[PDB]
$ cat run_14.txt   # compact mmCIF, C-alpha atoms
# COMPACT_ATOMS: atom_id res chain seq x y z
CA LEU A 244 -17.88 77.77 -73.57
CA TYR A 245 -21.55 76.82 -73.36
CA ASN A 246 -21.14 74.47 -76.31
CA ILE A 247 -18.21 72.98 -74.42
CA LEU A 248 -20.00 72.51 -71.11
CA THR A 249 -23.21 71.11 -72.59
CA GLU A 250 -21.66 68.16 -74.43
CA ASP A 251 -22.55 64.73 -73.04
CA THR A 252 -19.05 63.58 -72.19
CA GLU A 253 -20.18 61.21 -69.44
CA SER A 254 -21.28 57.96 -71.08
CA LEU A 255 -19.38 58.65 -74.31
CA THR A 256 -17.09 55.88 -75.55
CA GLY A 257 -15.57 54.44 -78.71
CA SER A 258 -14.06 56.51 -81.47
CA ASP A 259 -16.50 59.21 -80.35
CA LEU A 260 -14.41 59.77 -77.22
CA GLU A 261 -11.34 60.06 -79.44
CA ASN A 262 -13.19 62.67 -81.50
CA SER A 263 -14.14 64.55 -78.34
CA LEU A 264 -10.62 64.59 -76.92
CA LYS A 265 -9.26 65.78 -80.26
CA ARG A 266 -11.89 68.53 -80.18
CA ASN A 267 -11.47 69.69 -76.59
CA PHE A 268 -7.66 69.35 -76.48
CA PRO A 269 -6.50 70.21 -79.97
CA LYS A 270 -3.01 71.41 -79.12
CA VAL A 271 -2.07 69.79 -75.81
CA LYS A 272 -1.01 66.17 -75.45
CA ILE A 273 -3.19 64.59 -72.79
CA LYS A 274 -0.33 62.65 -71.23
CA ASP A 275 1.79 65.81 -71.00
CA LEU A 276 -1.23 67.52 -69.43
CA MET A 277 -1.86 64.76 -66.88
CA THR A 278 0.40 66.23 -64.20
CA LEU A 279 -0.82 68.65 -61.55
CA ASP A 280 1.40 71.60 -62.47
CA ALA A 281 0.41 71.18 -66.11
CA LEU A 282 -3.26 71.19 -65.16
CA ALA A 283 -2.68 74.31 -63.07
CA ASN A 284 -0.97 76.11 -65.94
CA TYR A 285 -3.36 75.02 -68.68
CA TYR A 286 -6.45 76.32 -66.89
CA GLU A 287 -4.60 79.17 -65.16
CA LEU A 288 -5.81 78.01 -61.76
CA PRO A 289 -3.78 77.54 -58.58
CA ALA A 290 -2.00 74.22 -58.25
CA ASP A 291 -3.07 73.80 -54.63
CA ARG B 1841 8.19 104.29 -61.35
CA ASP B 1842 11.75 103.28 -62.20
CA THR B 1843 12.37 102.17 -58.63
CA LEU B 1844 9.26 100.01 -58.83
CA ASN B 1845 10.67 98.37 -61.94
CA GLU B 1846 13.92 97.84 -60.06
CA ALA B 1847 12.06 96.30 -57.13
CA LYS B 1848 10.31 93.90 -59.47
CA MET B 1849 13.77 93.12 -60.79
CA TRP B 1850 15.13 92.17 -57.38
CA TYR B 1851 12.09 90.07 -56.55
CA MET B 1852 12.33 88.29 -59.88
CA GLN B 1853 15.97 87.55 -59.15
CA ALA B 1854 15.08 86.05 -55.79
CA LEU B 1855 12.36 83.98 -57.45
CA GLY B 1856 14.76 82.66 -60.06
CA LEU B 1857 17.11 81.75 -57.24
CA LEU B 1858 14.42 79.87 -55.33
CA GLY B 1859 13.26 77.99 -58.40
CA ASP B 1860 9.86 76.35 -58.81
CA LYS B 1861 7.52 76.26 -55.84
CA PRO B 1862 7.32 72.66 -54.58
CA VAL B 1863 3.77 71.38 -54.90
CA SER B 1864 2.50 69.92 -51.63
CA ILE B 1865 1.02 66.45 -52.02
CA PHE B 1866 -2.11 65.65 -50.02
CA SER B 1867 -3.31 62.52 -51.78
CA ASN B 1868 -0.36 60.54 -50.44
CA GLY B 1869 0.34 57.15 -48.96
CA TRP B 1870 -0.60 58.51 -45.53
CA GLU B 1871 -3.33 56.30 -44.23
CA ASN B 1872 -4.90 57.44 -41.00
CA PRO B 1873 -3.32 55.02 -38.52
CA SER B 1874 -4.41 54.66 -34.94
CA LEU B 1875 -2.20 56.03 -32.20
CA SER B 1876 -1.23 52.54 -31.07
CA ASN B 1877 -0.43 51.48 -34.63
CA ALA B 1878 1.61 54.65 -35.08
CA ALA B 1879 3.53 54.36 -31.82
CA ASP B 1880 4.96 50.87 -32.09
CA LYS B 1881 8.42 49.91 -30.95
CA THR B 1882 8.67 47.47 -33.84
CA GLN B 1883 7.90 50.47 -36.03
CA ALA B 1884 10.99 52.29 -34.78
CA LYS B 1885 13.22 49.22 -34.64
CA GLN B 1886 12.49 48.22 -38.23
CA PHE B 1887 13.18 51.77 -39.39
CA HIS B 1888 16.49 52.15 -37.58
CA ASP B 1889 17.51 48.62 -38.50
CA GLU C 340 -32.33 40.82 -60.75
CA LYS C 341 -35.71 42.58 -60.44
CA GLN C 342 -34.88 45.54 -58.19
CA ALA C 343 -32.72 45.44 -55.05
CA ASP C 344 -30.28 48.38 -54.74
CA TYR C 345 -27.12 49.95 -56.11
CA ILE C 346 -23.76 49.19 -54.49
CA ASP C 347 -20.57 51.20 -54.99
CA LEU C 348 -17.00 50.75 -53.80
CA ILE C 349 -15.56 54.18 -53.02
CA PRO C 350 -11.76 53.86 -52.77
CA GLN C 351 -10.57 56.31 -50.15
CA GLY C 352 -7.03 55.14 -50.80
CA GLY C 353 -4.67 52.36 -49.80
CA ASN C 354 -6.55 49.72 -47.81
CA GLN C 355 -9.36 52.24 -47.15
CA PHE C 356 -12.74 51.89 -48.84
CA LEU C 357 -16.42 52.74 -48.61
CA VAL C 358 -19.71 51.10 -49.53
CA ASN C 359 -22.70 53.21 -50.55
CA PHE C 360 -26.08 51.65 -51.16
CA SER C 361 -29.82 52.24 -51.20
CA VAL C 362 -31.84 49.06 -50.69
CA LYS C 363 -35.18 49.44 -52.44
CA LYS C 364 -37.67 47.44 -50.36
CA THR C 365 -36.81 47.67 -46.67
CA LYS C 366 -39.93 46.28 -45.01
CA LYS C 367 -39.54 42.50 -44.66
CA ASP C 368 -36.96 41.54 -41.98
CA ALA C 369 -33.83 43.42 -40.92
CA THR C 370 -31.75 43.05 -37.74
CA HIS C 371 -28.00 43.81 -37.80
CA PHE C 372 -27.53 43.46 -41.54
CA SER C 373 -24.35 41.92 -42.91
CA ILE C 374 -21.72 42.57 -45.59
CA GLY C 375 -20.53 39.59 -47.63
CA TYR C 376 -17.27 38.99 -49.48
CA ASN C 377 -16.32 36.77 -52.45
CA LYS C 378 -20.05 35.88 -52.49
CA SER C 379 -19.44 33.24 -49.83
CA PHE C 380 -17.05 34.46 -47.12
CA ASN C 381 -15.83 37.18 -44.80
CA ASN C 382 -18.74 38.87 -43.11
CA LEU C 383 -16.99 42.25 -43.22
CA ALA C 384 -18.96 44.43 -40.79
CA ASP C 385 -21.91 43.29 -38.68
CA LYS C 386 -22.21 46.24 -36.31
CA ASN C 387 -25.19 48.40 -37.34
CA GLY C 388 -28.31 47.91 -35.24
CA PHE C 389 -30.33 50.02 -37.66
CA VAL C 390 -32.46 49.08 -40.67
CA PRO C 391 -31.55 50.66 -44.02
CA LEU C 392 -34.41 52.58 -45.59
CA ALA C 393 -35.93 52.82 -49.04
CA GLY C 394 -34.10 54.92 -51.62
CA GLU C 395 -31.80 56.21 -48.89
CA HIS C 396 -28.12 56.91 -49.40
CA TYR C 397 -25.95 55.12 -46.83
CA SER C 398 -22.19 54.83 -46.49
CA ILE C 399 -20.24 52.35 -44.39
CA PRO C 400 -16.43 52.53 -44.14
CA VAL C 401 -14.66 49.23 -44.77
CA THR C 402 -11.00 48.21 -44.98
CA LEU C 403 -10.01 45.93 -47.85
CA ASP C 404 -6.79 45.05 -49.70
CA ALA C 405 -6.04 46.01 -53.28
CA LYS C 406 -4.62 42.52 -53.89
CA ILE C 407 -7.97 40.73 -53.87
CA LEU C 408 -9.46 43.65 -55.79
CA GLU C 409 -6.95 42.99 -58.57
CA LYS C 410 -9.13 40.00 -59.41
CA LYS C 411 -12.90 39.61 -59.65
CA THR C 412 -14.19 39.87 -56.07
CA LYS C 413 -17.95 39.66 -55.40
CA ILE C 414 -18.73 41.74 -52.31
CA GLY C 415 -22.28 41.44 -51.00
CA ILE C 416 -24.64 42.84 -48.38
CA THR C 417 -27.00 40.66 -46.33
CA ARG C 418 -29.93 42.29 -44.57
CA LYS C 419 -29.94 39.81 -41.72
CA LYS C 420 -33.03 37.70 -41.13
CA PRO C 421 -33.57 37.73 -37.36
CA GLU C 422 -32.11 34.46 -36.07
CA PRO C 423 -30.74 32.74 -39.24
CA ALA C 424 -29.21 34.68 -42.16
CA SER C 425 -26.58 33.42 -44.61
CA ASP C 426 -28.06 33.80 -48.11
CA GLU C 427 -31.76 33.03 -47.72
CA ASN C 428 -32.85 36.63 -47.33
CA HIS C 429 -33.30 38.79 -50.41
CA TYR C 430 -29.54 38.77 -50.98
CA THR C 431 -27.58 41.26 -53.09
CA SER C 432 -23.95 41.28 -54.18
CA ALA C 433 -21.59 42.86 -56.72
CA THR C 434 -18.03 42.39 -57.92
CA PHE C 435 -15.21 44.91 -58.19
CA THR C 436 -12.15 44.34 -60.38
CA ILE C 437 -9.36 46.89 -60.70
CA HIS C 438 -6.88 47.17 -63.54
CA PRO C 439 -4.76 50.33 -63.72
CA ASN C 440 -3.48 52.27 -66.71
CA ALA C 441 -6.72 52.44 -68.65
CA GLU C 442 -9.38 54.88 -69.80
CA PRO C 443 -7.86 58.33 -69.18
CA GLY C 444 -10.18 60.39 -71.35
CA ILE C 445 -13.69 60.57 -69.97
CA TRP C 446 -12.60 61.66 -66.49
CA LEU C 447 -10.27 64.29 -67.86
CA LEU C 448 -13.12 65.59 -70.02
CA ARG C 449 -15.35 66.12 -66.99
CA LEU C 450 -12.32 67.74 -65.37
CA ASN C 451 -11.97 70.04 -68.37
CA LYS C 452 -15.59 71.06 -67.90
CA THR C 453 -15.34 71.63 -64.16
CA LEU C 454 -12.05 73.53 -64.39
CA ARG C 455 -13.34 75.83 -67.13
CA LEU C 456 -16.41 76.38 -64.98
CA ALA C 457 -14.47 77.13 -61.80
CA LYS C 458 -12.12 79.52 -63.56
CA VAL C 459 -15.04 81.33 -65.18
CA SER C 460 -17.48 81.47 -62.27
CA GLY C 461 -14.72 82.54 -59.89
CA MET C 462 -15.39 79.86 -57.30
CA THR C 463 -12.69 77.39 -56.35
CA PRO C 464 -12.51 74.08 -58.24
CA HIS C 465 -13.43 72.13 -55.11
CA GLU C 466 -16.43 74.38 -54.56
CA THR C 467 -17.54 74.11 -58.20
CA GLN C 468 -17.47 70.33 -58.02
CA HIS C 469 -19.13 70.04 -54.61
CA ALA C 470 -21.79 72.45 -55.95
CA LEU C 471 -22.31 70.31 -59.04
CA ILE C 472 -25.33 68.02 -58.70
CA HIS C 473 -24.94 64.67 -60.47
CA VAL C 474 -27.57 62.00 -61.09
CA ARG C 475 -27.31 58.74 -63.02
CA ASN C 476 -29.68 60.23 -65.61
CA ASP C 477 -28.59 63.84 -65.08
CA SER C 478 -27.78 65.28 -68.48
CA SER C 479 -24.93 67.75 -68.73
CA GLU C 480 -27.34 70.46 -69.88
CA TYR C 481 -29.47 70.06 -66.76
CA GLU C 482 -26.30 69.86 -64.67
CA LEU C 483 -25.02 73.18 -65.97
CA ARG C 484 -28.52 74.59 -65.64
CA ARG C 485 -28.53 73.65 -61.97
CA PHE C 486 -25.12 75.25 -61.51
CA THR C 487 -26.12 78.49 -63.23
CA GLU C 488 -29.40 78.58 -61.32
CA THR C 489 -27.38 78.21 -58.13
CA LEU C 490 -25.19 81.14 -59.12
CA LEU C 491 -28.28 83.20 -59.91
CA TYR C 492 -30.08 82.41 -56.66
CA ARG C 493 -26.84 83.33 -54.93
CA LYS C 494 -26.69 86.66 -56.75
CA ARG C 495 -30.21 87.61 -55.86
CA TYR C 496 -31.27 86.93 -52.26
CA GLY C 497 -27.56 87.20 -51.43
CA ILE C 498 -27.32 83.77 -49.82
CA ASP C 499 -24.73 81.08 -49.20
CA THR C 500 -23.77 78.54 -51.82
CA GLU C 501 -25.32 75.87 -49.61
CA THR C 502 -28.59 77.77 -49.27
CA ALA C 503 -28.62 78.38 -53.01
CA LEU C 504 -28.02 74.68 -53.58
CA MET C 505 -30.91 73.76 -51.31
CA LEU C 506 -32.99 76.23 -53.32
CA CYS C 507 -31.82 74.38 -56.46
CA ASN C 508 -33.53 71.15 -55.32
CA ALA C 509 -30.63 69.54 -53.48
CA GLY C 510 -31.05 66.93 -50.78
CA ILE C 511 -29.89 67.21 -47.20
CA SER C 512 -26.32 65.94 -46.91
CA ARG C 513 -25.77 63.62 -43.96
CA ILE C 514 -22.00 63.57 -44.51
CA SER C 515 -19.81 66.08 -42.69
CA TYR C 516 -18.43 68.42 -45.35
CA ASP C 517 -15.16 70.34 -45.14
CA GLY C 518 -14.29 69.18 -41.63
CA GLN C 519 -17.44 70.92 -40.41
CA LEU C 520 -20.88 69.95 -39.15
CA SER C 521 -23.02 68.25 -41.77
CA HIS C 522 -26.18 69.97 -42.94
CA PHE C 523 -28.35 67.27 -41.37
CA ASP C 524 -26.58 67.65 -38.04
CA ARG C 525 -26.32 71.44 -37.88
CA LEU C 526 -30.02 71.30 -38.81
CA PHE C 527 -31.44 68.75 -36.37
CA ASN C 528 -28.76 67.67 -33.87
CA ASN C 529 -27.04 70.98 -33.00
CA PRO C 530 -27.43 70.40 -30.12
CA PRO C 531 -29.57 67.25 -30.20
CA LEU C 532 -32.88 68.08 -28.55
CA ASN C 533 -32.82 66.53 -25.08
CA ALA D 147 -4.89 53.53 -28.41
CA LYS D 148 -7.87 53.67 -30.75
CA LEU D 149 -7.28 57.31 -31.65
CA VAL D 150 -6.82 57.83 -35.37
CA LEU D 151 -4.24 60.41 -36.41
CA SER D 152 -6.15 62.01 -39.26
CA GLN D 153 -6.10 65.50 -40.67
CA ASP D 154 -9.71 65.95 -39.63
CA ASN D 155 -8.86 65.01 -36.05
CA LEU D 156 -5.90 67.39 -36.08
CA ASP D 157 -7.84 70.29 -37.57
CA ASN D 158 -11.52 70.09 -36.58
CA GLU D 159 -12.41 72.04 -33.45
CA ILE D 160 -14.66 70.43 -30.85
CA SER D 161 -15.82 71.66 -27.48
CA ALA D 162 -13.57 70.53 -24.67
CA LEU D 163 -16.49 70.20 -22.27
CA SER D 164 -18.34 67.96 -24.69
CA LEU D 165 -15.24 65.78 -24.75
CA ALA D 166 -15.09 65.58 -20.97
CA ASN D 167 -18.75 64.62 -20.92
CA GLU D 168 -18.29 61.93 -23.54
CA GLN D 169 -15.41 60.53 -21.50
CA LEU D 170 -17.57 60.36 -18.38
CA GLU D 171 -20.60 58.91 -20.17
CA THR D 172 -18.72 56.08 -21.83
CA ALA D 173 -17.65 54.94 -18.37
CA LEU D 174 -20.91 55.47 -16.50
CA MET D 175 -22.92 53.59 -19.11
CA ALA D 176 -20.31 50.84 -19.12
CA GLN D 177 -20.84 50.52 -15.37
CA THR D 178 -24.64 50.61 -15.53
CA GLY D 179 -24.65 48.26 -18.53
CA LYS D 180 -27.16 50.36 -20.44
CA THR D 181 -26.11 51.49 -23.91
CA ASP D 182 -28.91 54.01 -24.44
CA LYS D 183 -27.93 57.51 -23.44
CA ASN D 184 -31.48 58.76 -22.88
CA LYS D 185 -32.54 55.73 -20.85
CA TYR D 186 -29.45 56.29 -18.72
CA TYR D 187 -30.28 59.94 -18.08
CA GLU D 188 -33.82 58.90 -17.23
CA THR D 189 -32.40 56.64 -14.53
CA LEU D 190 -30.15 59.57 -13.62
CA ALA D 191 -33.16 61.85 -13.12
CA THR D 192 -34.39 60.14 -9.94
CA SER D 193 -31.19 58.84 -8.37
CA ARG D 194 -29.70 60.36 -5.23
$ encode --input "run_14.txt" --output "structure tokens"
Amino acid sequence: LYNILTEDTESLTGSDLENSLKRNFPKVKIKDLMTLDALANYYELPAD
Amino acid sequence: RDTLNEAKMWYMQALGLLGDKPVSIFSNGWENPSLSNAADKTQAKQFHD
Amino acid sequence: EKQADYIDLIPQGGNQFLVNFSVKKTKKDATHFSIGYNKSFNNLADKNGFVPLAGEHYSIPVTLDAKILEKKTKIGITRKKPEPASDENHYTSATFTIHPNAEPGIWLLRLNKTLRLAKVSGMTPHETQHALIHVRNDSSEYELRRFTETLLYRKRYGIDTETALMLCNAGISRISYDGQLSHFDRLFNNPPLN
Amino acid sequence: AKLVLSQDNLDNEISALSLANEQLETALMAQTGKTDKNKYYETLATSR
């Protein structure tokens, strides 16, 4: 989790951002995750 | 113990009946209008028309 | 060009906006400064009788329309020279073009970070973001370090998250947070002396 | 007519007496013509 939270995601573009999304979301599809209920169920946090 | 399992059963049935809790939007098209801009007669006439 | 300020359009929502800025040199001439539009029109708000200060974070609410924002629209700010002021002061401007359905990844990555952090540190996701200190050069390592230091200084000393943040080298927030009194105001103007 | 129906107006608690005093001040200073509050109270300190 520390390796996750220390990456420099801000100011990261190009194919490197593609790499980083494929690394940090290996199994979920980002568009299917976009919605609020999906975000609440992925991170097991309350929707409100 | 068994009655507690039964109680969880009845509550789960009621939940399945209710469905999925409706999420309450807060980032919505609600600007923060003034009272005079919210209490127009044109605002009611256009609606009812 | 050399050094003037940074300007930001903060979209509150539909037809609601905000302008934040910090004019660098604030010592020449300033009386009821102005806000320009399309680089040549629409003095938006000329109402403040104060002078902006050096390196100071300001915020002025402004109402625009998303239509003109759809195209390149140069909004400017004019620190008004006393009697005449149209462009002949040290003028500053900036454009803001909007085009939806683009670039979903880098914001969702920061959201991944902040949601993991909220879930793990037990504080709410709004608290974990409000208690995250962000600078234009702030690396993510130093950002997480500031967050963890805040959690530590909250563990020992048993203090509030706001007091821990102030202990973590955080500025005084002029803006009213959480529908409550701002730190600046509950500090100095509660109730204003005399 | 200028009152904005916002969630912060609906929720945030203010002191009722402070609101009465604001209502009186905005009229008394409109009468006097002075916009400074402190200058107005200074004139208020000697008047009978």
$ atom_distance --input "run_14.txt" --atom1 "CA of residue 1878 (chain B)" --atom2 "CA of residue 376 (chain C)"
28.4 Å
$ interface_residues --input "run_14.txt" --of "chain B" --to "chain C" --cutoff "12 Å" --atoms "only C-alpha atoms" --output "list in words"
residues 1866, 1867, 1868, 1869, 1870, 1871, 1872 and 1873 of chain B
$ write_last_selection --input "run_14.txt" --atoms "C-alpha atoms" --output "compact mmCIF listing (two decimals), keeping the file's coordinate frame"
# COMPACT_ATOMS: atom_id res chain seq x y z
CA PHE B 1866 -2.11 65.65 -50.02
CA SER B 1867 -3.31 62.52 -51.78
CA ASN B 1868 -0.36 60.54 -50.44
CA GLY B 1869 0.34 57.15 -48.96
CA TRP B 1870 -0.60 58.51 -45.53
CA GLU B 1871 -3.33 56.30 -44.23
CA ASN B 1872 -4.90 57.44 -41.00
CA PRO B 1873 -3.32 55.02 -38.52
$ closest_residue --input "run_14.txt" --among "A:289, A:259, A:269, A:248" --to "chain C" --atoms "all atoms listed in the file"
A:248
$ residues_near_point --input "run_14.txt" --point "(-7.9, 56.1, -72.6)" --cutoff "10 Å" --atoms "only C-alpha atoms" --output "list in words"
residues 256, 257, 260, 261, 264 and 273 of chain A; 440, 441, 442, 443, 444, 445, 446 and 447 of chain C
$ interface_residues --input "run_14.txt" --of "chain A" --to "chain B" --cutoff "8 Å" --atoms "only C-alpha atoms" --output "list in words"
residues 280, 290 and 291 of chain A
$ decode --input "run_14.txt" --residues "region 156-169 of chain D" --atoms "N, CA, C and O atoms" --output "compact mmCIF listing (two decimals), in the first residue's frame"
# COMPACT_ATOMS: atom_id res chain seq x y z
N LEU D 156 -29.55 27.14 4.81
CA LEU D 156 -30.56 26.33 5.48
C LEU D 156 -30.02 25.65 6.72
O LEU D 156 -30.75 25.47 7.69
N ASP D 157 -28.74 25.27 6.70
CA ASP D 157 -28.18 24.46 7.77
C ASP D 157 -27.45 25.28 8.83
O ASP D 157 -27.68 25.08 10.02
N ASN D 158 -26.56 26.18 8.42
CA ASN D 158 -25.67 26.86 9.34
C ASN D 158 -26.44 27.68 10.37
O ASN D 158 -27.32 28.46 10.02
N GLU D 159 -26.08 27.51 11.63
CA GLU D 159 -26.71 28.23 12.72
C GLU D 159 -25.99 29.55 12.97
O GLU D 159 -24.76 29.58 13.04
N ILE D 160 -26.76 30.62 13.10
CA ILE D 160 -26.24 31.93 13.44
C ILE D 160 -27.01 32.42 14.66
O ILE D 160 -28.05 31.87 15.02
N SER D 161 -26.48 33.44 15.30
CA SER D 161 -27.18 34.01 16.45
C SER D 161 -28.28 34.93 15.97
O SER D 161 -28.06 35.78 15.11
N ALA D 162 -29.48 34.77 16.54
CA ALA D 162 -30.59 35.60 16.11
C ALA D 162 -30.36 37.05 16.46
O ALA D 162 -30.74 37.94 15.69
N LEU D 163 -29.74 37.32 17.61
CA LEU D 163 -29.49 38.70 17.99
C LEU D 163 -28.50 39.36 17.06
O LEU D 163 -28.65 40.53 16.71
N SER D 164 -27.47 38.63 16.64
CA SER D 164 -26.56 39.18 15.66
C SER D 164 -27.30 39.56 14.39
O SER D 164 -26.96 40.56 13.75
N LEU D 165 -28.32 38.79 14.03
CA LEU D 165 -29.05 39.07 12.80
C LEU D 165 -29.92 40.30 12.96
O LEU D 165 -30.01 41.13 12.05
N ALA D 166 -30.56 40.45 14.12
CA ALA D 166 -31.28 41.69 14.41
C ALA D 166 -30.34 42.89 14.32
O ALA D 166 -30.69 43.92 13.73
N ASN D 167 -29.15 42.76 14.88
CA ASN D 167 -28.23 43.89 14.91
C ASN D 167 -27.74 44.23 13.52
O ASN D 167 -27.59 45.40 13.17
N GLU D 168 -27.46 43.22 12.70
CA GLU D 168 -27.10 43.49 11.32
C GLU D 168 -28.23 44.22 10.61
O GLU D 168 -28.00 45.17 9.86
N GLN D 169 -29.47 43.79 10.84
CA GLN D 169 -30.59 44.44 10.18
C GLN D 169 -30.69 45.90 10.57
O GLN D 169 -30.98 46.75 9.72
